[PDB]
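Peer 1: Got a structure for you, written out below as C-alpha cells; questions coming shortly.
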Amino acid sequence: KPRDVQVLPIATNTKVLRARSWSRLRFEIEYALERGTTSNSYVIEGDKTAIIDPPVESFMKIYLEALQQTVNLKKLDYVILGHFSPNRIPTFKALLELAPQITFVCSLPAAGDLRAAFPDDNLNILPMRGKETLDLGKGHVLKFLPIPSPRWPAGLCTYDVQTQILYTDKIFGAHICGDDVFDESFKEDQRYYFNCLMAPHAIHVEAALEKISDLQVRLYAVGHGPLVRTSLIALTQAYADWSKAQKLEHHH
Ligand SMILES: [Cl-]
C-alpha cells in the first residue's frame, strides 16, 4: 500500500494526523518486526491553534497536504516539539514558508538547535522550562513537562488540562501500521519498542514516569503507532516493570 495520512477527531477541539507507512522508514532495528509504522501529529484548536510534532521529511509532502485540508495555516499559532531531530528540519522549513507567523514551542535544549538550523532567519521560539503554561483558550491550558535524557536532551511531554491528553512523542509508542487509531494485542510491538528505544535509558524512563504520575490522563497521544487509551494504565505499569528489570542488567 502507499503512504497516506489518517485524520480523526480524538477529543474536544483535538485531531490526530497519522502519517502511515506499511514498510520501514529506515533500515534499523526498531523496524525489524516489519510491520510498518505511523508518525502521529496533533492539532488543538482553541482560541489559538497549535500543532504538535510535525513528521520527518519522508512524510513531509503528504503531511502538509493533509494539514492544509484540516486547518487554515494562516491561523496557526504554535508548533510544539516533543524533541529535536535534524531530519525534521525540512518539514519545519516548509511550515515556516507557509505560516511565517508560527512560534516554536520546545524544551530549552532544542532552542539553540532550531536557531542554528535557520541561521539567516529570525525564528520565534518559546522555550518551556516546566513552570509556565500556554493557554490556547476554551480551557485548553497546556502544561509542559521537560523530560531531558542523554538521547533526547529536549524531550518534552505536553498535557492539555481540558482533554486530559498527554502528548508523549517518543514515549509509549510502537512501530506498527494498521487501520486502528486507538489501542489489545500489539503488546509485543510496544515491548519491542521499549527494548529498542527506551531500555538503554531506563533510569530516565523511571524519572519520566515519576513526573507524569501526578497527572490525570485519559490518553497517551504517542508519536508512533496506535494512541494509547484503554491500555494506558497497563502499559505504564509495564514501562515501570521493564525499566527496573533493565537496571538489573545494566549493572550486570
Ligand atoms: Cl532532543
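Lettering and numbering for the C-alpha cells are positional, with chains as A, B, ... in the shown order, residues counted from 1 in each chain, and ligands counted from 1 in the shown order.
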Listing only residues of chain A within 8 Å of ligand 1, what is the closest atom pair and its distance in Å (to one decimal) for each, using only C-alpha atoms and all ligand atoms, sorted by chain and residue number ascending, as a tab-separated table?
Peer 2:
```
residue	atom	partner	partner_atom_place_in_ligand_line	distance
A:82	CA	ligand 1	1 (Cl)	7.7
A:83	CA	ligand 1	1 (Cl)	4.0
A:84	CA	ligand 1	1 (Cl)	4.1
A:85	CA	ligand 1	1 (Cl)	6.5
A:109	CA	ligand 1	1 (Cl)	7.3
A:110	CA	ligand 1	1 (Cl)	6.3
A:148	CA	ligand 1	1 (Cl)	7.7
A:151	CA	ligand 1	1 (Cl)	6.9
A:152	CA	ligand 1	1 (Cl)	3.6
A:153	CA	ligand 1	1 (Cl)	4.6
A:154	CA	ligand 1	1 (Cl)	3.8
A:155	CA	ligand 1	1 (Cl)	5.2
```
Peer 1: Just write the chosen residues, N, CA and C atoms, as an mmCIF file, in the first residue's frame.
Peer 2:
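Dumped everything to part.cif:
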```
data_model
loop_
_atom_site.group_PDB
_atom_site.id
_atom_site.type_symbol
_atom_site.label_atom_id
_atom_site.label_comp_id
_atom_site.auth_asym_id
_atom_site.auth_seq_id
_atom_site.Cartn_x
_atom_site.Cartn_y
_atom_site.Cartn_z
ATOM 1 N N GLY A 82 8.162 17.694 20.621
ATOM 2 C CA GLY A 82 8.393 16.769 21.725
ATOM 3 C C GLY A 82 9.880 16.440 21.887
ATOM 4 N N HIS A 83 10.673 16.773 20.873
ATOM 5 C CA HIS A 83 12.140 16.611 20.888
ATOM 6 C C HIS A 83 12.669 17.253 19.618
ATOM 7 N N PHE A 84 13.994 17.281 19.442
ATOM 8 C CA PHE A 84 14.597 17.832 18.224
ATOM 9 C C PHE A 84 15.397 16.800 17.413
ATOM 10 N N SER A 85 15.108 16.689 16.118
ATOM 11 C CA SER A 85 15.927 15.873 15.223
ATOM 12 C C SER A 85 16.110 16.598 13.899
ATOM 13 N N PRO A 109 16.748 22.927 25.658
ATOM 14 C CA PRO A 109 17.887 22.449 24.861
ATOM 15 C C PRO A 109 17.648 22.383 23.352
ATOM 16 N N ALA A 110 16.396 22.437 22.881
ATOM 17 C CA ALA A 110 16.127 22.448 21.445
ATOM 18 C C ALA A 110 16.210 23.858 20.828
ATOM 19 N N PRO A 148 14.255 15.674 29.998
ATOM 20 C CA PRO A 148 15.556 15.596 29.326
ATOM 21 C C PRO A 148 16.259 14.249 29.606
ATOM 22 N N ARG A 151 19.747 10.706 25.285
ATOM 23 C CA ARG A 151 19.279 10.503 23.914
ATOM 24 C C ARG A 151 18.433 11.676 23.370
ATOM 25 N N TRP A 152 17.550 12.219 24.220
ATOM 26 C CA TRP A 152 16.719 13.382 23.863
ATOM 27 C C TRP A 152 16.805 14.493 24.913
ATOM 28 N N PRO A 153 17.850 15.330 24.839
ATOM 29 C CA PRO A 153 18.026 16.404 25.826
ATOM 30 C C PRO A 153 16.824 17.339 25.845
ATOM 31 N N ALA A 154 16.119 17.443 24.719
ATOM 32 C CA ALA A 154 14.981 18.345 24.633
ATOM 33 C C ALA A 154 13.645 17.598 24.694
ATOM 34 N N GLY A 155 13.677 16.359 25.177
ATOM 35 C CA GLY A 155 12.455 15.581 25.347
ATOM 36 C C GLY A 155 11.426 16.339 26.157
#
```
Peer 1: Using DSSP secondary structure from the backbone, list all strand (DSSP E) positions within stretch 13-234 of chain A, as a ChimeraX atom specification.
Peer 2: /A:14-21,37-45,49-52,76-80,103-107,125-128,134-135,141-146,156-160,165-169,219-222
Peer 1: Between atom CA of residue A:112 and atom CA of residue A:48, what is the distance in Å, rounded to a tenth?
Peer 2: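 Interatomic distance, atom CA of residue A:112 to atom CA of residue A:48: 25.3 Å.
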Peer 1: Which residues are close to residue A:127, i.e. within 9 Å by only C-alpha atoms, leaving aside same-chain residues fewer than 3 positions away? Reply as a ChimeraX atom specification.
Peer 2: /A:104-111
Peer 1: Take the selection from the previous step and output its residues with N, CA, C and O atoms, as a compact mmCIF listing (two decimals), in the first residue's frame.
Peer 2:
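Full text of again.txt as output:
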```txt
# COMPACT_ATOMS: atom_id res chain seq x y z
N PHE A 104 7.62 28.50 17.59
CA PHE A 104 8.09 27.20 18.01
C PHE A 104 8.10 27.12 19.53
O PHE A 104 8.56 28.04 20.21
N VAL A 105 7.56 26.02 20.05
CA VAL A 105 7.48 25.79 21.49
C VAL A 105 8.27 24.50 21.74
O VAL A 105 7.98 23.45 21.16
N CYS A 106 9.30 24.59 22.55
CA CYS A 106 10.17 23.45 22.73
C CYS A 106 10.78 23.49 24.11
O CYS A 106 10.68 24.49 24.82
N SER A 107 11.41 22.39 24.50
CA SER A 107 12.22 22.40 25.69
C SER A 107 13.49 23.18 25.36
O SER A 107 13.99 23.16 24.22
N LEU A 108 13.98 23.88 26.36
CA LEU A 108 15.15 24.75 26.25
C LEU A 108 16.35 24.20 25.44
O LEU A 108 16.89 24.92 24.60
N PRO A 109 16.75 22.93 25.66
CA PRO A 109 17.89 22.45 24.86
C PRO A 109 17.65 22.38 23.35
O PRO A 109 18.64 22.28 22.63
N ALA A 110 16.40 22.44 22.88
CA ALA A 110 16.13 22.45 21.45
C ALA A 110 16.21 23.86 20.83
O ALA A 110 16.31 24.00 19.60
N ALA A 111 16.14 24.89 21.66
CA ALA A 111 16.05 26.26 21.13
C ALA A 111 17.29 26.64 20.31
O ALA A 111 17.17 27.22 19.22
```
Peer 1: Would you work out the distance separating atom CA of residue A:227 from atom CA of residue A:129, expressed in Å to one decimal?
Peer 2: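 Calculated distance between atom CA of residue A:227 and atom CA of residue A:129 is 26.0 Å.
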Peer 1: For each of A:223, A:177, A:141, A:230, take the minimum atom-to-atom distance to residue A:55, counting only C-alpha atoms, then give the residue where this is smallest.
Peer 2: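 Going through A:223, A:177, A:141, A:230 one by one, the smallest distance to residue A:55 is for A:223.
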